[PDB]
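Undergrad: Below: the sequence, then the experimentally determined structure.
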Amino acid sequence: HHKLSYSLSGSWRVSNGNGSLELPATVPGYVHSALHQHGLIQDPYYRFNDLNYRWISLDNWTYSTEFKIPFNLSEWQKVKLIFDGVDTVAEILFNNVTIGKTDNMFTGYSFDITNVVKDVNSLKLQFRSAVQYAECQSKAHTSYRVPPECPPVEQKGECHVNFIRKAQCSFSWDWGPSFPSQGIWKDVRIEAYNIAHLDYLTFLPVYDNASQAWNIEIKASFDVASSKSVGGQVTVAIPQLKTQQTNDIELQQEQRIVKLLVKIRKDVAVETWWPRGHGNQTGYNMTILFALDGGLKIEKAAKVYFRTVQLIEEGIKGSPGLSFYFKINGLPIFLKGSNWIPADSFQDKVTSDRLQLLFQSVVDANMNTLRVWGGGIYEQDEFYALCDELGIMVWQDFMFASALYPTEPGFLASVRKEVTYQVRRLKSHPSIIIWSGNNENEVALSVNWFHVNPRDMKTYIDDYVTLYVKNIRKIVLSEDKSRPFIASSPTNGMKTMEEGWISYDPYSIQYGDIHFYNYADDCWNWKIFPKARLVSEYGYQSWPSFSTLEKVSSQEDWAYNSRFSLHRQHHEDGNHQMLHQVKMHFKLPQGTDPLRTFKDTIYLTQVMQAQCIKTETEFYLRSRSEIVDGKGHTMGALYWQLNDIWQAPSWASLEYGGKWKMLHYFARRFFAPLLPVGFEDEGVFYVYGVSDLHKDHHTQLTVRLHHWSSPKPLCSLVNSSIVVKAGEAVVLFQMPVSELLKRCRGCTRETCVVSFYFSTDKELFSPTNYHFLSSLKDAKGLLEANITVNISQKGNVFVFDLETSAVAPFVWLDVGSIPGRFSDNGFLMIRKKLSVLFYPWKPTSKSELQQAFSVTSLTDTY
Ligand SMILES: *[C@@H]1O[C@H](CO)[C@@H](O[C@@H]2O[C@H](CO)[C@@H](O)[C@H](O)[C@H]2NC(C)=O)[C@H](O)[C@H]1NC(C)=O
Ligand SMILES: *[C@@H]1O[C@H](CO[C@@H]2O[C@@H](C)[C@@H](O)[C@@H](O)[C@@H]2O)[C@@H](O)[C@H](O)[C@H]1NC(C)=O
Ligand SMILES: *[C@@H]1O[C@H](CO[C@@H]2O[C@@H](C)[C@@H](O)[C@@H](O)[C@@H]2O)[C@@H](O)[C@H](O)[C@H]1NC(C)=O
Ligand SMILES: *[C@@H]1O[C@H](CO)[C@@H](O)[C@H](O)[C@H]1NC(C)=O
Ligand SMILES: *[C@@H]1O[C@H](CO)[C@@H](O)[C@H](O)[C@H]1NC(C)=O
Ligand SMILES: *[C@@H]1O[C@H](CO)[C@@H](O)[C@H](O)[C@H]1NC(C)=O
Ligand SMILES: OC[C@H]1O[C@@H](O)[C@@H](O)[C@@H](O)[C@@H]1O
Ligand SMILES: [Ca+2]
């Protein structure tokens, strides 16, 4: 009864520095989006507008609004103004009275406006240019410099992003643009109360081996209006588990924290939480009822998920070092996923509809893990909600990435609020399986990316410990000891700690995880890849579809080396690298039409990306159970990256807008719960069988060869005694190349292609798989395909019946910007007739698809 909370989200007014501009602005919202929505600027993502609209990021904007309160002043002791997120530096004026300042995008603020609030009020937020601010903070840090000062030239970005607690990629990255915007990107609320006010509430399910039963630790901080003590009770009820607990409590201006510990009856069983593809995601409805003196009842609800995670760094016989794998509820699980970056340069445009759709694409690719990369943001509440319900584990970096940061007291003060705020918000989610201090910053000091004098190294080493160990780690562990914590990624884990938090070789394959990138060598030669304990990053680059680029480019920009394409590339020599990797096995497009060449080149990059990553991932999958050369037991593969922040060349598999690249279509295939991987080593074709199932599978293997001329098998080697251990990977077929060619007379490395598959279980998904005995640019007898398509509607899905003139490699179906994706794409089409489906994301007709359709095979490129 004695509580009142209503939102201030809605239509505000935004003005520029000299007041020349004043327009309506929505909250949550940024300036750019308010200017774009009001039609005062083009789409910032259009061509070179990241350079033209730089004036927006450098000016100082102001959000203002005048409101009448829906409650009488004399009926409430205290009134507070709450911000769930302000981006970033702003002075908050309430009735021409400065009530507070902000400087950290990733923490909420609360302000006591009891003495300032009137019947009608005016709330202004006077933001300051994030760019100009980050520079003054840099100039004020005169004791020494904190690298990197400015980003690479090919990123077209701003300097000193590490001096502001703001999304680190907001000043540009090697796949994203520089749009350091300003605005209120989270809800804003007025809250008046009497007696008490719940500042925050947090809980943490834990399993006590010393008790063999589950427990829920709860912590709630209150703010008491009066100096007098306050009594009451609190009741925690979980009916589904027949649990109910009531405890006395008291609050005071100094003793304002409540700590509870609910034990769950051992008589009742508790269903635990599991990642997608390894169990259920069952949770439990829970209510926490506070009942205080004077009839003030504060109730909060939330779903409770029970789950134990362990980062096991144990010993391995014959392999020096320490393992690195996760045990969920006691079972080792192989991480299968990618790295998550912000889905847009402006978070107010990352609607709920977009998120669920993006999470459907992640689910539909058989992924079970997502790494919230430390250069983006602590994602919105619905992001981690979708992870919990869908069963996606979350590797959660803190928002410090690829940079050294200052230890100035004001900065740490700001970082402490952030970390305390975010840990308390996120630690109740089961999805999160590990805390991670930063991205690649342990490597930056170990290798010295920023070329510091060995004299001043001591300084930066201390700042690394101060920030990630003395502060971030100190806070995480004071709030949560249920999840592992690592200071950085890639790291050596326990070994890193043993060496003072900066290992001698953080890229070690014998400890911790690694990031691997290679643009010069042949990506088919799996011997280049490291047989590490866990791979948390790895990726090749490709261009998005022409359909995506068309929306932010002109007619003259559609060339592979145009001013627009080179400007959109934010990676050093990314275009040359991609083509250098295409030439490795394919033929650069040889056409007359510059537009067709441009499209066929994109197509090829996506072919190079898909096959490269498919080669690399499959290597990590089969390396999960073996030790070779003192290396092995790989228990995780998260490729870089998942999504795009804008239309540009990246490592992603989801183009900005959600459209699946060809890589993502391969992801659903090489992340299946059971698949065979094919490869050869010094002239011997091997076939491993990877398993994610919980019990051993008895199935059959069939190996076949095909001449490009006709799709009929010159070979059908079948083995009926095939058993794949649970969750393991083992070789199941071994035969020399020249011998295998003699078994399939009329075949050459350069004329035939290998095919193999498991026996479908109807209730188990196991796709086919192929292997190339030679580069397709050296292939012979490869008749150019001539694919005929017939579209037909069947319910809310569309059918695509195909017929090809011969074996078509890398068949690519594209229906332009029509939102949706196919059931399979980029496949090696051996059969003459194949049928795939199309799942619309918005209403579409038979004619819309018919008109924008276009099929492509490899031979069409030259
Ligand atoms: C736990 O609480 C949720 C509410 O968040 C319940 O889900 C609602 O169920 C009703 C009817 O069963 C639906 O009309 C609502 O649309 C549901 N809401 C949501 C958000 O899903 C859920 O049933 C509860 N579970 C139990 C076991 O009581
Ligand atoms: C607003 O108030 C000014 C003095 O108050 C000081 O400055 C303002 C901007 C706030 O930061 C407040 O916290 C400070 O104490 C006056 O000089 C000015 O004339 C006033 N203007 C109006 C329109 O009331
Ligand atoms: C490509 O194919 C076109 C369509 O061919 C028709 O469908 C296939 C499946 C065969 O059954 C064929 O007999 C049909 O006529 C042809 O119209 C076209 O000429 C072919 N060649 C080229 C260069 O387009
Ligand atoms: C405000 O500053 C902008 C800077 O781009 C300038 O174009 C505009 O004319 C200025 N308006 C006034 C009234 O000074
Ligand atoms: C923004 O504010 C800062 C601090 O008041 C000031 O130094 C800077 O000149 C302002 N920028 C503009 C474009 O007015
Ligand atoms: C998981 O959910 C399924 C429903 O599809 C149910 O049959 C099964 O018993 C559940 N598992 C556990 C351990 O409760
Ligand atoms: O620096 C190597 C890679 O590291 C990742 O963490 C991201 O920063 C990527 O953008 C980058 O390509
Ligand atoms: Ca390592």
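TA: Yes, it's here. Numbering: from 1, shown residues only. Ligands and ions are numbered 1, 2, ... in the order given.
Undergrad: Any buried residues in whichever helix in the chain runs longest, and which?
TA: Ordering each helix of the chain by length in residues (DSSP state H) puts helix 594-622 first. Neighbour-count burial for helix 594-622 flags 597-622 (criterion: 16 or more other Cβ atoms under 10 Å). Bear in mind the C-beta positions are built from the backbone N, C-alpha and C, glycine included.
Undergrad: Any idea how far that helix is from the middle of the chain?
TA: Centroid separation between helix 594-622 and its chain, computed with Cα atoms, centre = their mean, to the nearest Å, is 21 Å.
Undergrad: What is that helix packed up against?
TA: Under the contact definition 3 or more Cβ pairs under 8 Å, 6 or more residues apart in numbering; DSSP states H and E, helix 594-622 sits against strand 535-538, helix 546-549, helix 574-582, strand 636-639, helix 662-670, strand 674-680, strand 684-691.
Undergrad: Can you show me the CA trace of the fourth one as CSV?
TA: The C-alpha coordinates for strand 636-639 follow below in CSV (Å, rounded to 0.1, in the frame of the first residue of the first chain):
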residue,chain,number,x,y,z
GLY,A,636,34.4,-26.6,-26.7
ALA,A,637,34.2,-24.7,-30.0
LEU,A,638,32.7,-21.2,-30.1
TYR,A,639,33.5,-19.7,-33.5
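Undergrad: What parts of the stretch 101-250 of the chain come near ligand 5?
TA: 128-129, 132 (Cβ under 6 Å from any ligand atom).
Undergrad: Now, those residues that are in helices?
TA: Reading helices off these with DSSP H, I get residue 132.
Undergrad: quick revisit: right, is the longest helix of the chain up against ligand 7?
TA: No: if you take Cβ under 6 Å from any ligand atom as the test, helix 594-622 misses ligand 7, and the best it gets is 13.8 Å.
Undergrad: relative orientation of that helix and helix 662-670 in degrees?
TA: Using axes from the mean of the first three to the mean of the last three Cα atoms, to 10 degrees, the direction of helix 594-622 lies 30 degrees away from that of helix 662-670.
Undergrad: What strands line up against the helix or strand just after helix 594-622, and which way round?
TA: As assigned by DSSP states H and E, the chain's next helix or strand after helix 594-622 is strand 627-628. Sheet pairing for strand 627-628, assigned by DSSP bridges, gives strand 631-632 (antiparallel).
Undergrad: Domain-wise, how is the chain divided?
TA: According to curated CATH domains, the chain comprises the domains 1-194, 195-305, 306-671, 672-775, 776-862.
Undergrad: which of these is buried the deepest?
TA: domain 306-671 (a mean of 20; mean count of other Cβ atoms under 10 Å).
Undergrad: what's the offset of that one from the middle of its chain?
TA: For domain 306-671, the separation from the chain centroid amounts to 8 Å (computed by Cα atoms, centre = their mean).
Undergrad: Secondary structure element for residue 35, which one?
TA: Element membership of residue 35, judged by DSSP H and E, is helix 31-37.
Undergrad: I meant to write residue 423 there.
TA: helix 409-426.
Undergrad: so what secondary structure elements neighbour that helix?
TA: Looks like helix 409-426 contacts strand 196-208, helix 474-479 (3+ Cβ pairs under 8 Å, 6+ apart).
Undergrad: Quick check: next helix or strand after that helix?
TA: Helix 409-426 is succeeded, C-terminally, by strand 432-436 (DSSP H and E).
Undergrad: neighbouring contacts of that next one?
TA: 309, 311, 326, 328, 369, 374, 384, 387, 393-398, 423, 426, 476, 480, 483-486, 488-489 (Cβ atoms under 8 Å, 6 or more residues apart in numbering).
Undergrad: ok so, going back, want to throw the helices and strands packed on helix 409-426 into TSV with distance to residue 783?
TA: Formatted as TSV, those follow (distance: least, Cβ to Cβ, whole Å):
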stretch	distance to residue 783
strand 196-208	61
helix 474-479	60
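Undergrad: Can you check which of these gets nearest to residue 583?
TA: helix 474-479 (47.0 Å; Cβ to Cβ).
Undergrad: how about the closest one as CSV, C-alpha atoms only?
TA: Only the C-alpha atoms of helix 474-479 are listed here, as CSV (Å, rounded to 0.1, in the frame of the first residue of the first chain):
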residue,chain,number,x,y,z
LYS,A,474,37.0,-9.5,-5.5
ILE,A,475,33.4,-8.4,-6.2
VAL,A,476,32.3,-11.4,-8.2
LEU,A,477,33.5,-13.9,-5.6
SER,A,478,32.0,-11.8,-2.7
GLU,A,479,28.6,-12.3,-4.5
